[PDB]
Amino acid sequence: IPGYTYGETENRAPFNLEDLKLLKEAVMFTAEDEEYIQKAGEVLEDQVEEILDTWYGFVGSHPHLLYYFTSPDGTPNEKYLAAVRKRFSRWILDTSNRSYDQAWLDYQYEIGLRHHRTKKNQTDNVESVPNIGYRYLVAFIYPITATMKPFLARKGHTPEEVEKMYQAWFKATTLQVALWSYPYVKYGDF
């Protein structure tokens, strides 16, 4: 997967496992959510293309959101969209599969950097807009969480298990966006 450097950034994030413990406590993420986000694994594995169709559909239907993938001339950069799509697809699996350990935190830092002007457009060597305004990362917690529910509900598991998977996904999405604020936030205010 071009540009995907999980576990090999060779850069230790400015947050550690103690920070993560406290952040998990604030978002109410426990061992129960680890169990159920992992069960979401097998459920979502075969559906990732349809999930990305939904998410890219949402972005593409809103000029002010599609903006973030545009070339200077205002048209969508198709190379950029396609390359990011492969990494975004993989993130769905990583969220369900990966242990949230230091390697995971180091990639969280990287993902935040890539939305921020610090590293945006470098991974794919594209010319596009310099920064994704942080307000929209937070806003996206809702669509990224809520649009996942129909996909969780399809694989013939109990509605009770689906609800637990869904709450785990909401917490995990929130947790990650909180971490991605680091490069946006004034030093010492994070």
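Numbers for residues come from their place in the sequence shown, where the first is 1. Rigid core here is just the name for the largest C-alpha set that superposes within 1.5 Å across the two forms.
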{"query": "151 to 159 against 26 to 34 - segment lying farther from this form in 5 other deposited structures of this protein (CA RMS, rigid core fit)", "finding": "151 to 159"}
{"query": "Rigid core superposition result in 5 other deposited structures of this protein, more deviant of 98 to 106, 84 to 92 by Cα", "finding": "98 to 106"}
{"query": "Of 94 to 102 and 116 to 124, the stretch whose C-alpha atoms average the higher B-factor in the entry", "finding": "94 to 102"}
{"query": "Mean temperature factor over C-alpha atoms, higher-scoring stretch between 34 to 42 and 138 to 146", "finding": "34 to 42"}
{"query": "CA B-factor ranking of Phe29, expressed as a third of its chain", "finding": "middle"}
{"query": "Position of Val129 among the chain's modelled residues by C-alpha B-factor, lowest, middle or highest third", "finding": "middle"}
